[PDB]
Amino acid sequence: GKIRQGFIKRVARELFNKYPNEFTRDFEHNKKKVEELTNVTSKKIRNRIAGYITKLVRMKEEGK
Amino acid sequence: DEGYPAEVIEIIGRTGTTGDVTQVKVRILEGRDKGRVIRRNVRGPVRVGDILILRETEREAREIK
Amino acid sequence: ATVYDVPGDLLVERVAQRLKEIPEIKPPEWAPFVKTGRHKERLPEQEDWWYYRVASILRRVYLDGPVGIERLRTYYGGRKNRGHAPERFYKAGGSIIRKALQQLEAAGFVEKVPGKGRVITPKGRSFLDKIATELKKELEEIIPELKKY
Amino acid sequence: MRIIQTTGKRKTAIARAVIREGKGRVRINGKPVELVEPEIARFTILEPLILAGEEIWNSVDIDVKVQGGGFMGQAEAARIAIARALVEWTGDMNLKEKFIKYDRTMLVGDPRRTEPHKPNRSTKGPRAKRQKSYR
Amino acid sequence: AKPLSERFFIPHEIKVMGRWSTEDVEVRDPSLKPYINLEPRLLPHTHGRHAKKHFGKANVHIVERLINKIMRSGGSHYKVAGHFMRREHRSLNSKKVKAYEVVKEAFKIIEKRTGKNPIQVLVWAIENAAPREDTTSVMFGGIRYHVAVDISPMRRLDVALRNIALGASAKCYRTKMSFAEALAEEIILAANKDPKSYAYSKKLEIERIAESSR
RNA sequence: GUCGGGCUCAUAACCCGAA
RNA sequence: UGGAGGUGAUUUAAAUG
RNA sequence: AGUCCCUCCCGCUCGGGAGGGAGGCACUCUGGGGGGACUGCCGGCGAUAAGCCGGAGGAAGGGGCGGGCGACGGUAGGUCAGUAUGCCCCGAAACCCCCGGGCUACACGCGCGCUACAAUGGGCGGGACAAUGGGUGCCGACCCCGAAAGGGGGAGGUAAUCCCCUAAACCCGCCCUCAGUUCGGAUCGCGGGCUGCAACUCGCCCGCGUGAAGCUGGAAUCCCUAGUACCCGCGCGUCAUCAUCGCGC
Ligand SMILES: [Mg+2]
Ligand SMILES: [Mg+2]
Ligand SMILES: [Mg+2]
Ligand SMILES: [Mg+2]
Ligand SMILES: [Mg+2]
Ligand SMILES: [Mg+2]
Ligand SMILES: [Mg+2]
Ligand SMILES: [Mg+2]
Ligand SMILES: [Mg+2]
Ligand SMILES: [Mg+2]
Ligand SMILES: [Mg+2]
Ligand SMILES: [Mg+2]
Ligand SMILES: [Mg+2]
Ligand SMILES: [Mg+2]
Ligand SMILES: [Mg+2]
Ligand SMILES: [Mg+2]
Ligand SMILES: [Mg+2]
């Protein structure tokens, strides 16, 4: 089961609110943004966070 | 003497003592009741679009939960 | 045409037949009575097995020289049935190989590189490659794909 | 004078092939491909050449050096190297599309390797175990 | 013995083993047609890449399926014609080259004996050996009973191939007949509905038991 | 009935082989 | 949400410490 | 690999091969750093959540695959015969050394395996292709001697340099043709070696001879889902010598 982890969601929600006009629906752009805006050291964790932020952007833009 | 072919159109569920049987809905392709839809019990892997050769077309399997 | 262009077993057969004309190749006096190694069970069934072994050794020197006794002993070893115990690999003996190499040197086909082993002479290379050319000529009558090579 | 090099791998066997304009001669470790034995190994190497056709086959020469693995691993690695060399040399997409349909592994390879062995009858394999008794 | 033209055989077309085409081969049974793969192919050796995926075996050429079926011992944990046949160190487990040669020699014998394309005869045999009705087991009062059911086409194909292989295995066990001759004999007998064939008799017995348990 | 082996955590019942 | 009643049924054998 | 020179072979050289040297880091490989996969994209089910099912593209697709790491406790589970330690005992013996025996006995019940009961083979000659590891109290190429096991000299190696190291199953040709046999190789006689201070009790190897049961296995019962199971050999541990074992390839 691919159940998202708790701390990933917490940090992605924190990142999304602080910079609403910084994340788009592009995975590569969000990957670079997560790389620049935190001290995350694992490549796997960075990808997980970026993917969840992408989903958040398209969920709020769609209006839920 | 040569059976009647029937086409599987829907999968219902697994049954049997050890789960080895699948119940399906089939449509008769040839013979007296050509066009009739009946449900049957099958041994072995099966998917939508398969064809069975029934040796008789008057027995229908009991509906399962 | 060279040794590389023909099947090995057919070439060994032809070379063994041609080796019976060289007066320096003669089976030792104990040849009728011995096995070719501790992993065999019965004696050789061909009355002219010495010439086959000599031809095989010459082709081996051609392809892998310089080479010495111990490595050839590895090459001619094999699997052994050990009764109720599991089968195992064993090396061959040395007398047959050493005598064959000495006879081949007596015929001028091989020579000794000091501390390194034995190598094929230009005479031995010509001897092998001529027979290989003859076999390849016969061979491409029935396999036309071998004319391009 | 074109020279093109390609590489192929299959379970610890490694093959390096070189291709240039020629007359149709294909050698494996110095031996003509027409004399490779057994037959099952020979047909493994020859499939891409037969797929390409007689025109392309007779217009090139191919030399292959292969080491490691076994007699079936070495045949498949050489097959991969030859197919890659043929697609790169002639540079046409009908032939490449023909390879993917017949056998995708010809161009994408095979990543499988042996699984390391584990205790409880380690010498036999990772999963096979000793017979169990209760009395 | 074997001529040098056959020892070094070079094919130039894509056909089964470089010797037989399957262009005129027809499959009469409508249920087995999508599962008997006949697409043109020279070497029937796919290196076991089909078993991972569900329904993957459908797109495997029928000759390779046969070769895989005979690469076995035969009688390990059930008896065939009244005997276990445990061959162990002299079995064909994992020896695909020997099984390939067995199938090739059997095909040559079949073609010589009947005058027809061997693939067609094999197709006829598997059609005659594939059962249409089987049974499943129930337990009541400490007594085991049968209940009749239908069979899916993939299982029909698998069972027919298995029984052809087992019949060939039994015909050569501790007798002067060879494995290739036994396989050719079993295929030919099954193609003609002779009760001397193991697979066809097995097929008749299964259908009779299923019929008498409706 | 005797002896031996299965099944059970074990014994009885039960199954198999033998003289 | 939680309760009180009624009518039907229950697929072999299975002792002991 | 392409390029230059030298030497030797072939169908006598238009062409095709093999060594050596100059030269190069292309290719393979070695090992530091980095990229790549996120249910990210598409269509359904579910609630419009959590997720699930099916497609593309892709070396790789849904913990990508194989491993290490085992919570609070229990099990009076095993170990004081690895080492540590309380109490009780021996303390001129229950402590310390030396010699010879024993742990290797043999009407019999049981576990786990090896070799077979043959043609999905046995024998004889010929032809192919590995990886893991290890080496100075050592690995030993190469030459000579011997039918074999073995013996006498001995280059290089403190090791990507030298050595163990030219695996077997597989392929070609000939003999045997369903038989207790050219199946099987237990058991025993005579002779030859190695290690060691010592080979009877009680070691391993080789030559000739000898030739037991076994012709597929009752009731029961074990392992395994992919480079997995089956089949085949090999390395290391133990080790002076000795592998039907363990751990790995
Ligand atoms: Mg050999
Ligand atoms: Mg044997
Ligand atoms: Mg064995
Ligand atoms: Mg393994
Ligand atoms: Mg009892
Ligand atoms: Mg994991
Ligand atoms: Mg206790
Ligand atoms: Mg206990
Ligand atoms: Mg003991
Ligand atoms: Mg014997
Ligand atoms: Mg042999
Ligand atoms: Mg005998
Ligand atoms: Mg004695
Ligand atoms: Mg003794
Ligand atoms: Mg007897
Ligand atoms: Mg017999
Ligand atoms: Mg032990």
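All chains are named by letter (A, B, ...) in the order of the sequence lines, taking the proteins before the strands, and each is independently numbered beginning at 1. What's counted below: heavy atoms across the whole structure, side chains too, no hydrogens, waters or symmetry copies.
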Sugar-phosphate means primed atoms, P, OP1 and OP2; the rest is base. With that split, encode nucleotides 19-30 of chain H 5' to 3' as B, S or - using protein heavy atoms under 4.0 Å.
-------BBSS-
Rounding to the closest angstrom, what is the interatomic distance between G218(H) and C245(H) at atom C1'?
33 Å
Would you kindly give the OH-to-P distance between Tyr90(C) and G207(H), to the nearest whole Å?
11 Å
Is any side-chain N or O of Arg10(D) under 3.5 Å from a base N or O of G227(H), one able to act as donor and the other as acceptor?
yes
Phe179(E) over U120(H), stacked by centroid distance under 5.5 Å, angle under 30°:
yes
Residue matched to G62(H) through Watson-Crick or wobble contacts both under 3.5 angstrom
none
Base paired to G209(H) (Watson-Crick or G-U; both N/O distances under 3.5 angstrom)
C188(H)
Using atom P of each nucleotide, how far apart are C223(H) and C230(H) to the nearest Å?
13 Å
For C42(H) and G61(H), measure between their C1' atoms and round to the nearest Å.
15 Å
Does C206(H) have OP1 or OP2 sitting under 4.0 Å from an N or O in the side chain of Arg82(C)?
no
Winner on side-chain proximity to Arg135(D), out of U39(H), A229(H), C9(F), is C9(F)
Nearest listed nucleotide, side chain of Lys118(D), among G66(H), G17(H), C10(H):
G66(H)
What distance, rounded to whole Å, do you find between the two P atoms, one in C183(H) and one in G122(H)?
11 Å
Roughly how far apart, to the nearest Å, are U181(H) and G248(H) at atom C1'?
42 Å
Considering only heavy side-chain atoms of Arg90(E), the closest of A141(H), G17(H), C117(H) is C117(H)
For atom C1', what is the distance between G235(H) and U132(H), given to the nearest Å?
6 Å
Is the backbone N or O of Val3(C) less than 3.5 Å from a side-chain atom of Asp129(C), with the two atoms forming a donor-acceptor pair by type?
yes
What pattern of brackets, bars and dots sums up RNA chain G from 5' to 3', given Watson-Crick or G-U wobble pairs under 3.5 Å, [ ] for crossing pairs and | for another strand?
..............|||
Give one of base, sugar-phosphate or nothing for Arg60(C), where a contact means two heavy atoms less than 4.0 Å apart.
base
Can you tell whether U13(H) is stacked with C14(H), judging only by whether their six-membered base rings have centres under 5.5 Å apart and planes under 30 degrees?
no
With rounding to whole Å, what would you report as the distance between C205(H) and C200(H) at their P atoms?
15 Å
Has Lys91(C) got a side-chain N or O lying under 4.0 Å from the OP1 or OP2 atom of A167(H)?
no
Applying a 4.0 Å non-hydrogen cut-off, can you work out what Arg98(C) is touching in the nucleic acid: base, sugar-phosphate, or nothing?
base
Given the structure, check if the side chain of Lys55(A) and the base of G40(H) hold any donor-acceptor pair shorter than 3.5 Å.
no
